[PDB]
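Visitor: Have a look at the structure that comes next, please.
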Amino acid sequence: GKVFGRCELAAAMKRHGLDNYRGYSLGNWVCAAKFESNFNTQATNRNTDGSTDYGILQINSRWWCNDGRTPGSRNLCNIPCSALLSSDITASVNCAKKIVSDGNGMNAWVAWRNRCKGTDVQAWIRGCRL
């Protein structure tokens with residue numbers, strides 16, 4: 001287990017190279033995590049299409065990680081989906097980078113597109129010690 005705080009997650013994401021990764025400032029990543037998972041590292045969402053969204057950034061099992069249950073699996077991050085349910089954000093950050101590297105913007109995250117895009121995302125790191 002673990003539920004992150006806002007500033008604590010920002011610091012961890014910064015340590016892991018996400019600030020301005022492919023032109024997306026740190027607050028975008030924190031905002032995405034807030035609305036995807038509420039900062040809960042063990043968040044899962046089981047979909048009716050046979051796929052599941054895993055962890056703090058709700059990465060989906062059809063394209064990105066292998067859970068052995070999902071039709072059409074591509075496993076483009078080359079990881080078991082269970083690695084995305086850690087208390088350590090390593091695997092989630094590595095896979096998030098790969099998603100963007102593999103031709104996606106942050107629009108890959110529905111919560112980013114609907115709740116973060118266009119907003120003052122710097123608010124999510126304001127006040128934090130980075």
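Residues are named by chain letter and number: chains run A, B, ... in the order of the structure tokens, numbers start at 1 in each chain, and ligands are numbered from 1 in the order shown.
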Got a sec: who's within 12 Å of residue A:120, counting only C-alpha atoms, leaving out chain neighbours fewer than 3 positions off, as a PyMOL selection string?

Guide: chain A and resi 25-28+31+115-117+123-126

Visitor: Taking the backbone alone, and naming residues the way the document does, which bits of chain A are alpha helix (DSSP H) by DSSP, as a ChimeraX atom specification?

Guide: /A:6-15,26-37,90-101,110-115

Visitor: Take the residues just selected and output them with N, CA, C and O atoms as a compact mmCIF listing (two decimals), in the first residue's frame.

Guide:
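result_34.txt, written as the output of this step:
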# COMPACT_ATOMS: atom_id res chain seq x y z
N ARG A 6 0.24 15.16 -2.43
CA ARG A 6 0.50 15.94 -3.61
C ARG A 6 1.95 16.30 -3.80
O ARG A 6 2.55 16.05 -4.84
N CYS A 7 2.56 16.93 -2.81
CA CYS A 7 3.91 17.38 -2.89
C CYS A 7 4.91 16.26 -2.86
O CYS A 7 5.97 16.31 -3.53
N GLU A 8 4.62 15.21 -2.11
CA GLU A 8 5.43 14.03 -2.05
C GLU A 8 5.49 13.33 -3.40
O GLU A 8 6.54 12.89 -3.86
N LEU A 9 4.37 13.24 -4.08
CA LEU A 9 4.35 12.66 -5.42
C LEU A 9 5.09 13.54 -6.39
O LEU A 9 5.84 13.04 -7.24
N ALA A 10 4.90 14.85 -6.30
CA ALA A 10 5.63 15.75 -7.18
C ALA A 10 7.10 15.58 -7.06
O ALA A 10 7.83 15.49 -8.05
N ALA A 11 7.61 15.46 -5.84
CA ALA A 11 9.03 15.28 -5.61
C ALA A 11 9.52 13.95 -6.19
O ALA A 11 10.57 13.86 -6.79
N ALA A 12 8.76 12.88 -5.99
CA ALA A 12 9.13 11.59 -6.51
C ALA A 12 9.13 11.59 -8.04
O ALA A 12 10.03 11.04 -8.64
N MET A 13 8.13 12.21 -8.63
CA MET A 13 8.10 12.33 -10.08
C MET A 13 9.24 13.16 -10.63
O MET A 13 9.80 12.81 -11.67
N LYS A 14 9.62 14.22 -9.93
CA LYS A 14 10.75 15.01 -10.35
C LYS A 14 12.02 14.20 -10.29
O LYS A 14 12.85 14.30 -11.21
N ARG A 15 12.21 13.44 -9.21
CA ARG A 15 13.40 12.60 -9.08
C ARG A 15 13.49 11.60 -10.21
O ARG A 15 14.58 11.19 -10.62
N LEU A 26 5.81 19.27 -14.79
CA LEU A 26 5.52 18.40 -13.67
C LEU A 26 4.08 18.45 -13.24
O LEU A 26 3.51 17.42 -12.90
N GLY A 27 3.50 19.64 -13.17
CA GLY A 27 2.12 19.73 -12.71
C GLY A 27 1.14 18.96 -13.56
O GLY A 27 0.13 18.47 -13.02
N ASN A 28 1.41 18.76 -14.83
CA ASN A 28 0.55 17.91 -15.63
C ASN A 28 0.50 16.49 -15.12
O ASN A 28 -0.56 15.87 -15.12
N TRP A 29 1.65 15.97 -14.73
CA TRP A 29 1.75 14.59 -14.27
C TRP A 29 1.08 14.40 -12.92
O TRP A 29 0.44 13.40 -12.68
N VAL A 30 1.26 15.38 -12.02
CA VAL A 30 0.61 15.32 -10.73
C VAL A 30 -0.89 15.42 -10.90
O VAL A 30 -1.64 14.67 -10.28
N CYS A 31 -1.37 16.33 -11.74
CA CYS A 31 -2.78 16.47 -12.03
C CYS A 31 -3.35 15.18 -12.59
O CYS A 31 -4.43 14.73 -12.18
N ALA A 32 -2.65 14.54 -13.52
CA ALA A 32 -3.13 13.31 -14.10
C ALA A 32 -3.30 12.24 -13.00
O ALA A 32 -4.32 11.54 -12.97
N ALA A 33 -2.31 12.11 -12.13
CA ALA A 33 -2.40 11.12 -11.07
C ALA A 33 -3.56 11.41 -10.11
O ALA A 33 -4.25 10.51 -9.68
N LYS A 34 -3.76 12.70 -9.80
CA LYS A 34 -4.84 13.07 -8.89
C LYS A 34 -6.16 12.57 -9.43
O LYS A 34 -6.95 11.98 -8.69
N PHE A 35 -6.44 12.84 -10.70
CA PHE A 35 -7.76 12.53 -11.24
C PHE A 35 -7.88 11.12 -11.73
O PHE A 35 -8.99 10.62 -11.82
N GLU A 36 -6.78 10.44 -12.04
CA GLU A 36 -6.83 9.03 -12.41
C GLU A 36 -7.07 8.14 -11.17
O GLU A 36 -7.85 7.21 -11.25
N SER A 37 -6.33 8.37 -10.09
CA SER A 37 -6.28 7.44 -9.01
C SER A 37 -6.47 8.06 -7.64
O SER A 37 -6.44 7.34 -6.64
N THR A 90 8.38 3.70 -9.61
CA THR A 90 9.35 3.37 -10.66
C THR A 90 8.68 2.88 -11.93
O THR A 90 8.82 3.44 -13.02
N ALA A 91 7.99 1.76 -11.80
CA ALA A 91 7.46 1.09 -12.97
C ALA A 91 6.40 1.91 -13.65
O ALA A 91 6.30 1.95 -14.88
N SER A 92 5.53 2.57 -12.88
CA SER A 92 4.52 3.42 -13.44
C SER A 92 5.15 4.57 -14.22
O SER A 92 4.65 4.91 -15.30
N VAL A 93 6.17 5.21 -13.67
CA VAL A 93 6.80 6.31 -14.38
C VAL A 93 7.48 5.80 -15.64
O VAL A 93 7.38 6.44 -16.69
N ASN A 94 8.18 4.70 -15.59
CA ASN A 94 8.84 4.17 -16.77
C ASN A 94 7.86 3.86 -17.86
O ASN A 94 8.10 4.13 -19.04
N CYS A 95 6.74 3.27 -17.49
CA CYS A 95 5.73 2.95 -18.49
C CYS A 95 5.05 4.22 -19.01
O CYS A 95 4.80 4.33 -20.21
N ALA A 96 4.78 5.21 -18.15
CA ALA A 96 4.22 6.45 -18.61
C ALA A 96 5.11 7.13 -19.63
O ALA A 96 4.63 7.71 -20.61
N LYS A 97 6.43 7.07 -19.41
CA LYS A 97 7.35 7.65 -20.38
C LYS A 97 7.22 6.94 -21.72
O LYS A 97 7.29 7.58 -22.76
N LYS A 98 7.12 5.61 -21.70
CA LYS A 98 7.02 4.77 -22.89
C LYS A 98 5.73 5.09 -23.64
O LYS A 98 5.73 5.16 -24.87
N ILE A 99 4.63 5.29 -22.95
CA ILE A 99 3.40 5.67 -23.60
C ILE A 99 3.59 6.93 -24.41
O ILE A 99 3.19 7.01 -25.57
N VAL A 100 4.20 7.96 -23.82
CA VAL A 100 4.44 9.20 -24.56
C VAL A 100 5.44 8.99 -25.69
O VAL A 100 5.35 9.42 -26.83
N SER A 101 6.47 8.16 -25.45
CA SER A 101 7.44 7.86 -26.50
C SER A 101 6.89 7.09 -27.67
O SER A 101 7.49 7.09 -28.74
N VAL A 110 -7.41 9.85 -19.99
CA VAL A 110 -8.68 10.55 -20.13
C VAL A 110 -8.82 11.62 -19.09
O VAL A 110 -9.37 12.70 -19.32
N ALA A 111 -8.36 11.36 -17.88
CA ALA A 111 -8.52 12.33 -16.82
C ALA A 111 -7.65 13.56 -17.10
O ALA A 111 -8.04 14.65 -16.70
N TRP A 112 -6.49 13.40 -17.71
CA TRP A 112 -5.71 14.56 -18.07
C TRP A 112 -6.46 15.42 -19.08
O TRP A 112 -6.56 16.62 -18.90
N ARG A 113 -6.98 14.78 -20.13
CA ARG A 113 -7.64 15.53 -21.20
C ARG A 113 -8.87 16.25 -20.69
O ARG A 113 -9.21 17.33 -21.13
N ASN A 114 -9.57 15.64 -19.72
CA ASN A 114 -10.85 16.19 -19.27
C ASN A 114 -10.72 17.10 -18.07
O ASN A 114 -11.60 17.91 -17.82
N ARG A 115 -9.66 16.98 -17.25
CA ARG A 115 -9.59 17.69 -16.01
C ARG A 115 -8.32 18.49 -15.80
O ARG A 115 -8.24 19.30 -14.88

Visitor: Quick one: of A:77, A:121, A:130, A:85, who's nearest to residue A:58, counting only C-alpha atoms?

Guide: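 Using only C-alpha atoms, residue A:58 sits closest to A:85.
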
Visitor: Taking only C-alpha atoms into account, which of A:109, A:4, A:63, A:24 comes nearest residue A:86?

Guide: A:4

Visitor: To one decimal in Å, tell me the separation between atom CA of residue A:78 and atom CA of residue A:66.

Guide: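 Rounded to one decimal, the two atoms are 7.4 Å apart.
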